[PDB]
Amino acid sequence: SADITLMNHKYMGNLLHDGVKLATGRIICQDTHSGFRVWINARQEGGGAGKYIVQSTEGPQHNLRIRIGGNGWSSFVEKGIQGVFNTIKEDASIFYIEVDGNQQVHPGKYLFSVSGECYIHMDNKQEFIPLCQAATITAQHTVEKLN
């Protein structure tokens, strides 16, 4: 079961090169895992689907195209398997929200939503199944003496 954080990165200017970091994220999992999986909660451009698109709110309403970035993160190219993956067995991983393609982005307020989990690689894929604490309970049974 993962803990995820996302921290805005302030930036002056709107001629944004591809790769420019707009937020810094971290995912943590204490339990044993094969790696991490993170994704953006946003509509994708025309299917595609296309690049993650975020529309500004509470003011001018324009579009910004974003992706997850950072060393170690990989995306599966055959459609069907959403998000980015890494193979870090360590407990913590950094990722970024980055500008996806050179963009002159209109001034405004843009909300990034991301989700994430750790996964445990499975033979008989299956592939990578997510990793959460199962509900658990105990009961004690007494076997009585013979007498």
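Note that residue numbering begins at 1 and tracks the sequence as displayed.
Mean CA B-factor, 46-54 versus 109-117: the higher value falls on 46-54. On average the C-alpha atoms of 132-140 have higher B-factors than those of the other stretch, with 20-28 and 132-140 being the two compared. For the set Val99, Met122, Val84, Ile40, the maximum C-alpha B-factor listed in the entry falls on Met122. Annotation for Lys89: C-alpha temperature factor in the highest third relative to the rest of the modelled chain, per the entry. Split the chain's modelled residues into thirds by C-alpha temperature factor. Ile4 is in the middle one.
Residue-level temperature factors show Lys79 in the highest third of its chain, judged at the C-alpha atom.
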